[PDB]
Amino acid sequence: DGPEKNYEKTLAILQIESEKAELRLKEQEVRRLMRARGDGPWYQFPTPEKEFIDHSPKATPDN
Amino acid sequence: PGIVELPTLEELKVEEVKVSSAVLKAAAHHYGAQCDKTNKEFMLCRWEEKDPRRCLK
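Written out as structure tokens, the structure reads:
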């Protein structure tokens, strides 16, 4: 086919690999920041549920 | 932390009933039917405001 086909294919391959490397580094930094301070969707450790707290009036008023 | 506030002996003084439990239980039904408005006002304030220091009146 000629040298231009291999040239442009190499450029496309390099762009794909560079974007993948950038995204991998971004993923590492995002995971580290989330686990350091959990504020995104990931590393959300559980907590006792609100929906099983009895809010009805008790036998004792001081509750 | 903060200083807990609580009323004094002068505002905790009241004319106590000084009446035994048996006579209280003998008069329980008519006492519960005569002034249930006052008792239910006290229970409503006691269960709404959990603080006993704001239901003394």
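Those sequence lines, one after another, are chains h and X.
Residues in the first sequence are numbered consecutively from 81, following the entry's author numbering.
Residues in the second sequence are numbered consecutively from 1, following the entry's author numbering.
The beta carbon of each residue, even a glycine, is placed where N, CA and C say it ideally should be.
Boundaries (first-last residue) of the alpha helix (DSSP H) holding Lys37 of chain X
Sequence index remark: in the second sequence, residue 37 of chain X carries index 37 (1-based). Its alpha helix (DSSP H) spans residues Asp36 to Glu48.
Limits of the alpha helix (DSSP H) - the one that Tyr87 of chain h falls within:
If you number the first sequence from 1, residue 87 of chain h lands on position 7. It spans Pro83 to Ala116 - the alpha helix (DSSP H) in which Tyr87 of chain h sits, taken as one unbroken run.
Is any beta-carbon of chain h found at less than 8 angstroms from that of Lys57 of chain X?
Mapped onto the second sequence, residue 57 of chain X falls at position 57. For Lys57 of chain X, the answer is no, since every Cβ of chain h falls outside 8 angstroms of its Cβ.
Does the beta carbon of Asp119 of chain h come closer than 8 angstroms to any beta carbon on chain X?
For the purposes of this step, residue 119 of chain h is identified with residue 39 of the first sequence, where counting begins at 1. No, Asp119 of chain h lies away from the interface with chain X (no Cβ there is under 8 angstroms from its Cβ).
Reduced DSSP secondary structure (H/G/I, E/B, other) of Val14 of chain X:
The count along the second sequence starts at 1 and reaches residue 14 of chain X at position 14. Note: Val14 of chain X maps to coil in three-state DSSP.
In chain order, what residues of the region 26-57 of chain X put their CB closer than 7 angstroms to some CB of chain h?
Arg46, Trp47 and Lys50
What are the start and end residues of the alpha helix (DSSP H) that includes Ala26 of chain X?
In the second sequence, counting from the first residue as 1, residue 26 of chain X sits at position 26. Element bounds for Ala26 of chain X: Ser21 to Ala26.
Local conformation of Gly32 of chain X per DSSP, three classes
Translated into positions along the second sequence, residue 32 of chain X becomes position 32. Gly32 of chain X: helix per DSSP, three-state reduction.
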